[PDB]
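Okay, structure first, notes after.
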Amino acid sequence: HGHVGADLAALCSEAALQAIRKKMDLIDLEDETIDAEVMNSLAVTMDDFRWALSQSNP
Amino acid sequence: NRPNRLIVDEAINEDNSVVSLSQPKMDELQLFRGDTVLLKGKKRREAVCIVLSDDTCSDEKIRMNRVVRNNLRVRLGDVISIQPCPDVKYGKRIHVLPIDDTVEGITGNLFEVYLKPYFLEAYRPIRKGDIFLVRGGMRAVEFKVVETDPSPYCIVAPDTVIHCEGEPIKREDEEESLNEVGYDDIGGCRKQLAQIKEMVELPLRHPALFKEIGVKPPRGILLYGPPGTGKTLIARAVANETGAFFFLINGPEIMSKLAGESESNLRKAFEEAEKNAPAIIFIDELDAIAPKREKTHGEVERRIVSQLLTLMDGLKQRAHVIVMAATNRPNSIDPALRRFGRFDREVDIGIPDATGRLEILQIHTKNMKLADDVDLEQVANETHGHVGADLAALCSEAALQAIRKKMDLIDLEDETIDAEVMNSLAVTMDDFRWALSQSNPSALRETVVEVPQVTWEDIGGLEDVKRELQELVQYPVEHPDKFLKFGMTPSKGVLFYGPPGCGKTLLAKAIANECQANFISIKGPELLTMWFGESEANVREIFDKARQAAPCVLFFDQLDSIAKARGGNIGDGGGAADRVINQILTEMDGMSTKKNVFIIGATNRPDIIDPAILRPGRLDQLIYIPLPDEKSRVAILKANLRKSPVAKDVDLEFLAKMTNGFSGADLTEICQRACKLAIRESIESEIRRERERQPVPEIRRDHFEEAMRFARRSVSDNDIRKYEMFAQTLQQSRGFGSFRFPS
Amino acid sequence: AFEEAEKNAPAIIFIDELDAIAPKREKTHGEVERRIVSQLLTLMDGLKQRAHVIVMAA
Ligand SMILES: Nc1ncnc2c1ncn2[C@@H]1O[C@H](COP(=O)(O)OP(=O)(O)OP(=O)(O)O)[C@@H](O)[C@H]1O
Ligand SMILES: Nc1ncnc2c1ncn2[C@@H]1O[C@H](COP(=O)(O)OP(=O)(O)O)[C@@H](O)[C@H]1O
Ligand SMILES: [Mg+2]
């Protein structure tokens, strides 16, 4: 409602980072390179955007 | 959670240059005996060794000696990953430098004594930065390989030339690596360390994930908290763990009187950081350097803020440098810094809890030698509000007290101390207790108060009141899981009202010690101020300190002073008295989550207190502290005389019968009078003992009888009716009586 | 001075009128004085406590 363009950019970044967080708990975190299948499965969804909205304040 | 990951294990006979792994694990790793492999360790330290097969070694463990662990800067029980080193070839040459301290006193040539037999017909792989020990000469010498040819993986063949010429390497590098600050040296900040790790380490290691999802990692991190919580510690640990240069900026350093000097300093700092990329820019006291432009009148401050905004905007140019800041009060910072592309992510570092301060104590005491008596759990428990820096200084003071004792033993004139005295040197529990006594908590360095050491047995009677007070503080903190099962939040308010001297103030002093929770005491009118908005501002500061020091007990002694019924006075001291009550109302129950802040109020006259103060949610329980009855009067006299030696002939039970309406303080005066009479008799007796030259071990019956002649009833019968009317209004307000559900 | 102190370890350092050279960094007129205080702190933190050199300030 009161979000300036910087706030919306922060929201999009937070949603993408939340998707990356979802992919965090699966990986070993010590792998030299990440698997191609989980590389392809990574995409921003509505759940990530709603989490960002819940964590979004102007 | 990979086959490469293995648990650290010791070595029975395996030496430095090789490694030994269990044969099934070697087969799982597709590794043959005699193969060269790579070891990965913490702090970005690596070594190259020959893998071996051993039946003694377990499948989940890797056999390495102490020196191999010292190479990787890792301890026993750590998790490390092993990978077969690729394309390892015989070394053309190897440049080895022994430690400078070890070479001293070695008459024979270092190379011939150590290196020539060690590498003869052995083919031992080495990487740059590897240290290996060879027994020989007068003293065992550690050799550090600064240069490897070919770098970094090479095999030392007999034909490969080995030389120890040049200035021997210093132990400073080794001790700096040992003392380098990592994530493990932070205590109580694991929840915040997770977000910091996600912000910093993840983008560096897997930028492919970010490029695939098409997002860029944040560049601004704002750590805010009380001093000593380790924000600078966390920043330096992050800088060291990621192999980035740590650059420190202090707010006073940037500040300068000359025009354009502070911004030039900031630009120079950013330029040096970008040159030393990757690097971490850390700005201590960001609040002092960058306040609100509209709020500040001085031109230089908004000048610095604008320069900082420009520097942050220009920072995001793939410079691989991340700017971090530590401040006490984030709200004092210019809001333009809080936006995205700037200090967008703010991480709250708070007062460590019991387990957090236990972790801090374990971290700082890991090098100190601890006896069996000392237990760090109780040390954490008694440190109610200490911060990490306070805990470190506390451990240092306990150690220094141990040196104080061993000094009192020793003469110090001798140049060399006997080995027996050194063997006697140790650290015990009493040293830590003394450090606890001397050290003060930074959270409450303002509200520190003396402790009369009032304990429950000091209070006589009020057993029902004592039990309720403990459950108020003990239940929510010691058993929070119980409250989540039923789902209703705990009650956090009690008002004590009654005649003066019945024990309201003792219960607050006693509750401070026993429940091991932070205790803030407000003298009744202490908060009020002559300025227009300062009386209410002091109220918000008290409730903010209590929220930061949660679990905290906020004791409002003589609550009737600041909590009056609104509208009683038109002037109300200029209307400020009502505004103080309205401020108190909002903090106790307002538009915020409730922390473990337990408000306790003691008042003589409760009927004047604002009715909004006394509703459930603010001071949930109204407890009446009456005049002690006959049974309680015995307890008060027994508790008061518990310290003093009193004759067994004294019958305390009869005193309670006679003193029908005496208060707790009145009975205390009677014992005080009896003590002075017994002291006065001793003083005159010993004077007669001196006069004849030129008795009273305990208080007898006679002193009490003379004391009772001066006994008075402090609380009048008129006042007692005033207190008993109030308790009757509560009973009549409820209605009915002996409530029971039908059948 | 600190280099000579570590070179001749063990050594003893005494500073006379330290407050004259090291006022409060929050309120300091000259930048040179602030840099002197910064060098004091940097040299204090630089010693790894193996120098066994005690700095005395009056
Ligand atoms: N139940 C009690 N047991 C032991 N000592 C008591 C008791 N009640 C009162 N006293 C003694 O009375 C003195 C004052 O008591 P205290 O300060 O707790 O009273 P209070 O009811 O809070 O009074 P006030 O209304 O003046 O604030 C102390 O010496 C204390 O030891
Ligand atoms: N969470 C913590 N864990 C371990 N030690 C700590 C912690 N916080 C502070 N310390 C100790 O306090 C000392 C100084 O910390 P400091 O930089 O003053 O913290 P802050 O960033 O709050 O100013 C450090 O040497 C460290 O040993
Ligand atoms: Mg009192």
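Ligands are numbered from 1 in the order shown, residues from 1 within each chain, and chains are lettered A, B, ... in the order they appear in the structure tokens.
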At most 8 Å from ligand 3 (only C-alpha atoms and all ligand atoms): residue list as a CSV table (one decimal) with C-alpha atoms, in the first residue's frame:
```csv
chain,number,residue,atom,x,y,z
B,500,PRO,CA,3.3,-0.1,56.8
B,501,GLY,CA,5.9,-2.6,58.1
B,503,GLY,CA,6.7,-6.9,54.7
B,504,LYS,CA,5.8,-5.5,51.2
B,505,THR,CA,9.4,-4.2,50.6
B,506,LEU,CA,11.0,-7.5,51.8
B,557,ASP,CA,7.8,0.8,45.3
B,558,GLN,CA,5.2,3.3,46.7
B,602,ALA,CA,3.8,-2.0,46.7
B,603,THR,CA,1.5,0.7,48.1
```
Discussion item. Would you mind listing, as a PyMOL selection string, all residues of chain C that have at least one atom within 8 Å of chain B, where only C-alpha atoms are what counts?
Written reply: chain C and resi 25-26+29-31+34-35+38
Discussion item. Residues of chain B within 10 Å of chain A, counting only C-alpha atoms, what are they? List them as a PyMOL selection string.
Written reply: chain B and resi 1-2+4-5+80-81+198-199+202+205-206+208-210+212-218+339-341+344-345
Fill in: Shell around residue 652 of chain B at 9 Å using only C-alpha atoms, local window under 4 positions removed, as a PyMOL selection string
chain B and resi 633-634+637-638+656
Could you take the residues named above and write them with C-alpha atoms, as a compact mmCIF listing (two decimals), in the first residue's frame?
```
# COMPACT_ATOMS: atom_id res chain seq x y z
CA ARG B 633 4.37 -13.35 64.76
CA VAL B 634 6.31 -16.34 66.09
CA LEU B 637 10.60 -13.24 65.82
CA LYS B 638 12.22 -16.58 64.96
CA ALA B 656 3.19 -13.37 69.98
```
Practice prompt. Show me which residues sit within 6 Å of ligand 2 when counting only C-alpha atoms and all ligand atoms, and put them as number ranges by chain.
Written response: B: 185-189, 227-233, 360, 388-389, 392
Discussion item. Residues contacting ligand 1 - anything with an atom at most 9 Å away, using only C-alpha atoms and all ligand atoms - can you give me those as a PyMOL selection string?
Written reply: chain B and resi 454+457-462+496-509+557-558+602-604+625-628+632-633+635-640+663-669
Fill in: DSSP-assigned helix (DSSP H, G or I) among segment 110-268 of chain B, expressed as JSON, numbers by chain
{"B": [110, 111, 112, 113, 114, 115, 116, 117, 118, 172, 173, 174, 175, 176, 177, 178, 179, 183, 184, 185, 190, 191, 192, 193, 194, 195, 196, 197, 198, 199, 200, 201, 202, 203, 204, 205, 207, 208, 209, 210, 211, 212, 213, 231, 232, 233, 234, 235, 236, 237, 238, 239, 240, 241, 251, 252, 253, 254, 261, 262, 263, 264, 265, 266, 267, 268]}
Worksheet item: Which residues, written as a PyMOL selection string, have at least one atom at most 10 Å from residue 564 of chain B, with only C-alpha atoms counted and residues fewer than 2 positions away on the same chain left out?
Response: chain B and resi 559-562+566-569+572+577-578+580-581+606-611+613
Worksheet item: What separation in Å, quoted to one decimal, exists between atom CA of residue 673 of chain B and atom CA of residue 707 of chain B?
Response: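 Result for atom CA of residue 673 of chain B versus atom CA of residue 707 of chain B: 5.2 Å, one decimal.
Running DSSP on the backbone and keeping only strand (DSSP E), the residues of segment 517-661 of chain B that qualify are residues 518, 519, 520, 521, 522, 552, 553, 554, 555, 556, 557, 597, 598, 599, 600, 601, 602, 603, 621, 622, 623 and 624 of chain B.
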Output the selection as an mmCIF file, in the first residue's frame - N, CA, C and O atoms for each residue.
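Final file, out.cif:
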```
data_model
loop_
_atom_site.group_PDB
_atom_site.id
_atom_site.type_symbol
_atom_site.label_atom_id
_atom_site.label_comp_id
_atom_site.auth_asym_id
_atom_site.auth_seq_id
_atom_site.Cartn_x
_atom_site.Cartn_y
_atom_site.Cartn_z
ATOM 1 N N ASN B 518 16.459 -10.668 36.379
ATOM 2 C CA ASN B 518 16.868 -9.275 36.486
ATOM 3 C C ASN B 518 15.838 -8.484 37.280
ATOM 4 O O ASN B 518 14.631 -8.695 37.149
ATOM 5 N N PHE B 519 16.322 -7.573 38.118
ATOM 6 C CA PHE B 519 15.468 -6.824 39.026
ATOM 7 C C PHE B 519 15.766 -5.340 38.895
ATOM 8 O O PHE B 519 16.882 -4.899 39.180
ATOM 9 N N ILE B 520 14.766 -4.577 38.465
ATOM 10 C CA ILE B 520 14.859 -3.126 38.376
ATOM 11 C C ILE B 520 13.913 -2.541 39.409
ATOM 12 O O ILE B 520 12.709 -2.825 39.387
ATOM 13 N N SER B 521 14.450 -1.726 40.308
ATOM 14 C CA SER B 521 13.671 -1.113 41.371
ATOM 15 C C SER B 521 13.526 0.374 41.094
ATOM 16 O O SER B 521 14.522 1.066 40.857
ATOM 17 N N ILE B 522 12.290 0.858 41.123
ATOM 18 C CA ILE B 522 11.986 2.267 40.924
ATOM 19 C C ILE B 522 11.477 2.818 42.246
ATOM 20 O O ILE B 522 10.425 2.388 42.736
ATOM 21 N N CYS B 552 12.665 -9.889 33.477
ATOM 22 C CA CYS B 552 12.962 -8.816 34.410
ATOM 23 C C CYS B 552 11.796 -8.637 35.368
ATOM 24 O O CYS B 552 10.646 -8.925 35.033
ATOM 25 N N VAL B 553 12.108 -8.164 36.570
ATOM 26 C CA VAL B 553 11.109 -7.840 37.580
ATOM 27 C C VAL B 553 11.146 -6.337 37.803
ATOM 28 O O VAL B 553 12.143 -5.800 38.301
ATOM 29 N N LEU B 554 10.064 -5.660 37.434
ATOM 30 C CA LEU B 554 9.953 -4.214 37.572
ATOM 31 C C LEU B 554 9.160 -3.908 38.835
ATOM 32 O O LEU B 554 7.936 -4.072 38.857
ATOM 33 N N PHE B 555 9.851 -3.461 39.879
ATOM 34 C CA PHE B 555 9.242 -3.231 41.186
ATOM 35 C C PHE B 555 8.997 -1.738 41.365
ATOM 36 O O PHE B 555 9.946 -0.954 41.464
ATOM 37 N N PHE B 556 7.723 -1.353 41.408
ATOM 38 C CA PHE B 556 7.326 0.033 41.640
ATOM 39 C C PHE B 556 6.991 0.196 43.117
ATOM 40 O O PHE B 556 5.846 0.000 43.530
ATOM 41 N N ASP B 557 7.990 0.555 43.917
ATOM 42 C CA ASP B 557 7.756 0.816 45.330
ATOM 43 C C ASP B 557 6.982 2.116 45.496
ATOM 44 O O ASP B 557 7.214 3.084 44.770
ATOM 45 N N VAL B 597 8.380 -9.462 31.502
ATOM 46 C CA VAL B 597 8.529 -8.329 32.406
ATOM 47 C C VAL B 597 7.414 -8.417 33.436
ATOM 48 O O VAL B 597 6.235 -8.249 33.104
ATOM 49 N N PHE B 598 7.787 -8.676 34.684
ATOM 50 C CA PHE B 598 6.839 -8.856 35.774
ATOM 51 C C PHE B 598 6.819 -7.587 36.610
ATOM 52 O O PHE B 598 7.794 -7.282 37.303
ATOM 53 N N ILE B 599 5.714 -6.853 36.543
ATOM 54 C CA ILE B 599 5.562 -5.597 37.264
ATOM 55 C C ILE B 599 5.019 -5.914 38.650
ATOM 56 O O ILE B 599 3.974 -6.561 38.784
ATOM 57 N N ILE B 600 5.732 -5.464 39.677
ATOM 58 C CA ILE B 600 5.317 -5.621 41.065
ATOM 59 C C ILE B 600 5.203 -4.234 41.674
ATOM 60 O O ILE B 600 6.115 -3.414 41.537
ATOM 61 N N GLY B 601 4.085 -3.968 42.329
ATOM 62 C CA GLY B 601 3.847 -2.682 42.965
ATOM 63 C C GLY B 601 3.502 -2.858 44.429
ATOM 64 O O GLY B 601 2.740 -3.756 44.791
ATOM 65 N N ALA B 602 4.072 -1.998 45.266
ATOM 66 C CA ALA B 602 3.779 -1.965 46.691
ATOM 67 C C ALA B 602 3.246 -0.582 47.032
ATOM 68 O O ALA B 602 3.840 0.426 46.640
ATOM 69 N N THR B 603 2.129 -0.536 47.750
ATOM 70 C CA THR B 603 1.495 0.722 48.115
ATOM 71 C C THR B 603 0.826 0.575 49.472
ATOM 72 O O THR B 603 0.401 -0.523 49.843
ATOM 73 N N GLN B 621 -2.879 -9.424 39.937
ATOM 74 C CA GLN B 621 -3.209 -9.920 41.265
ATOM 75 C C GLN B 621 -3.078 -8.804 42.291
ATOM 76 O O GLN B 621 -2.093 -8.059 42.286
ATOM 77 N N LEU B 622 -4.075 -8.687 43.161
ATOM 78 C CA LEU B 622 -4.061 -7.746 44.277
ATOM 79 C C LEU B 622 -3.926 -8.563 45.557
ATOM 80 O O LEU B 622 -4.886 -9.199 46.002
ATOM 81 N N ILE B 623 -2.734 -8.547 46.144
ATOM 82 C CA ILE B 623 -2.434 -9.319 47.344
ATOM 83 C C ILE B 623 -2.384 -8.373 48.533
ATOM 84 O O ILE B 623 -1.713 -7.334 48.486
ATOM 85 N N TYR B 624 -3.094 -8.730 49.598
ATOM 86 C CA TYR B 624 -3.169 -7.913 50.800
ATOM 87 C C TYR B 624 -2.202 -8.463 51.841
ATOM 88 O O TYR B 624 -2.305 -9.630 52.235
#
```
Worksheet item: Which residues, written as a list in words, have at least one atom at most 12 Å from residue 44 of chain C, with only C-alpha atoms counted and residues fewer than 6 positions away on the same chain left out?
Response: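 Once the adjacent positions are removed, what remains is residues 1, 2, 3, 5, 6, 13, 37, 38, 51, 53, 54 and 55 of chain C.
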